[PDB]
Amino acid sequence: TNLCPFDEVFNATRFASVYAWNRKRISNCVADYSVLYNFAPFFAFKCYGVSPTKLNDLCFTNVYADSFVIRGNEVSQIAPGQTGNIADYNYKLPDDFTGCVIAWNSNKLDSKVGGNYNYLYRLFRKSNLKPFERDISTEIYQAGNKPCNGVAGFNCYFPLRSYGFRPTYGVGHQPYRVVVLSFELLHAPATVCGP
């Protein structure tokens, strides 16, 4: 009842792959951030540009919830001005990011015996991603001078690779669920407020 659907994002049964990260647009609702302080296992609750307590006392035109799954060691890459595979090829935040990055271990949900191969990441790309860019291309990466023509082989690699999460993997290689909340206050009246 007039409450923003944060539970649909955080409590989702399945999360998107990082290269195809899911975005939920939230507007015209009363946002209760208190329900997002509940989950203890939070590995990261890093907010840039705003204090967590002032969020309940602020109004924004829109909010965007970007959800995906990565490995633990890559959680540090979800932050302004970062480099690496995830930051450059899968999900990039702007240098002037205004929002909160939340990440928690999800080895219970996203790892399977024999490997969960449904979670993928982009390994090869011609250039770095722009902020909030989603590249879902499966085109063969031409790392050589010979055109690939869609054929995978030498100097022609498939751009996507699978994490293959297993429950016995080290904590740095275990799956982590990430939700990025971006608060947009642009040339328009605010529609999301805390109460």
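Residues carry their position along the shown sequence, with the first being 1.
Student: Output the stretch having the higher mean C-alpha B factor in the entry; the candidates are 49-57 and 138-146.
Tutor: Comparing 49-57 with 138-146, the higher average CA B-factor belongs to 49-57.
Student: Which is higher on average in the deposited entry, the C-alpha temperature factors of 168-176 or of 10-18?
Tutor: Averaged over C-alpha atoms, the B-factors run higher in 10-18.
Student: Among 127, 67, 34, 162, where is the Cα B factor highest in this entry?
Tutor: Answer, based on the entry's C-alpha B-factors: 34.
Student: Is the Cα B-factor recorded for residue 132 in the lowest, middle or highest third of its chain?
Tutor: For residue 132, the deposited C-alpha B-factor lands in the lowest third.
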